[PDB]
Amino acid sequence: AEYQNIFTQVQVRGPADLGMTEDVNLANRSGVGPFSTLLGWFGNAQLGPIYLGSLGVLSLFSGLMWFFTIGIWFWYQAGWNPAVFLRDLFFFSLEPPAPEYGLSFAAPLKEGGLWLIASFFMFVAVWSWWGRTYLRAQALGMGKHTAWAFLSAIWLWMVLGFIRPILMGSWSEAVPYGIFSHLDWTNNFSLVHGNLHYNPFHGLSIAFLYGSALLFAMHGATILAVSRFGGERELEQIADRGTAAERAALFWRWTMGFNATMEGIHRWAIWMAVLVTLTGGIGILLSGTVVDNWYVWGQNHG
């Protein structure tokens, strides 16, 4: 049958591409990594280079500090026994301070002081990484869309681990670092607030979450369907519309009575996705601060 352009038939390699320079301090750019032929069947085969300035090493360092701080506590929960460490890997958990300690930093290390330590490293790593997404786009003269979208995910994470614990008066409200334990946190958060299915911002979050899989299915399928006219060369189809962009628009117009442009679809995309965590963070933030039971609230407000 016909070729579907899901997997490359013939990979070609040339000299390692070191990238645009613009205003980038090339001293902080690494050298290219190896070439993964495996990756090459789906996307690009070239790994690297990576930029790693000071903000970069800072972020990377505190990230592992966050991670090792958890894994240290996981080993101690395993009594340093490698066999139980793997056996119970999904059951270990680094829990926040008990409600007693409020918003203070007085809790002992094996009772949430360590949670606060790892949280601090996480705070540093994420926010520095955010700065990286702005700065790397600035160095290249590009818009700040990536950092602006990233802020929307940061919103929810900030609400879950920082803003909402503070507004509720204790660190005990925050999410624990652990595989099964934070799943339990999630389930119990819903039960305690009268079923998040009744949180209207939670419902919106789902609509955008589902919607993102819908839109990216539609979009990804459309571009593949017109990649026989260069459809994936989207920036040049924006600058000088081709038969690829016209067939794409007309598929949807004929199907559902309206359509996008090659640029506009990407505005639908960025908003569909960022609204997931935007509504999400609002709905968590309101929970227990303003609304204690979403069923109850739903009886009075709709």
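Position 1 is the first residue in the sequence shown; the rest follow in order.
Exercise. Taking only the CA atoms, which stretch has the higher mean B-factor in the record, 105 to 113 or 177 to 185?
Worked result: Here the higher of the two C-alpha B-factor means belongs to 105 to 113.
Exercise. Got a sec? Mean C-alpha B-factor, which is higher, 81 to 89 or 225 to 233?
Worked result: According to the entry, 81 to 89 carries the higher average C-alpha B-factor.
For this session: Please work out which residue in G211, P200, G71, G220 has the highest C-alpha B-factor recorded for this crystal structure.
Result: In this record, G71 carries the highest C-alpha B-factor of the candidates.
Problem set entry | Candidate set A260, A269, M65, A244 [ranked by C-alpha B-factor, highest] | Going by the entry's C-alpha B-factors, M65 comes out highest.
Problem set entry | Third assignment of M256 from its chain's C-alpha B-factors | As the PDB entry reports it, the C-alpha B-factor of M256 lands in the lowest third of its chain.
Exercise. Hey, what third does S54 fall into on Cα B-factor, ranked over its chain?
Worked result: Highest third of the chain for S54's C-alpha B-factor.
Exercise. Split the chain's modelled residues into thirds by Cα B-factor; is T8 in the lowest, middle or highest one?
Worked result: CA B-factor rank for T8: lowest third.
For this session: Would you check the entry's CA temperature factor for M168 and let me know if it's in the chain's lowest, middle or highest third?
Result: Its C-alpha B-factor, which the entry lists for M168, ranks in the highest third among residues of this chain.
Exercise. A248's Cα B-factor: lowest, middle or highest third of the chain?
Worked result: Its C-alpha B-factor belongs to the lowest third of this chain's values.
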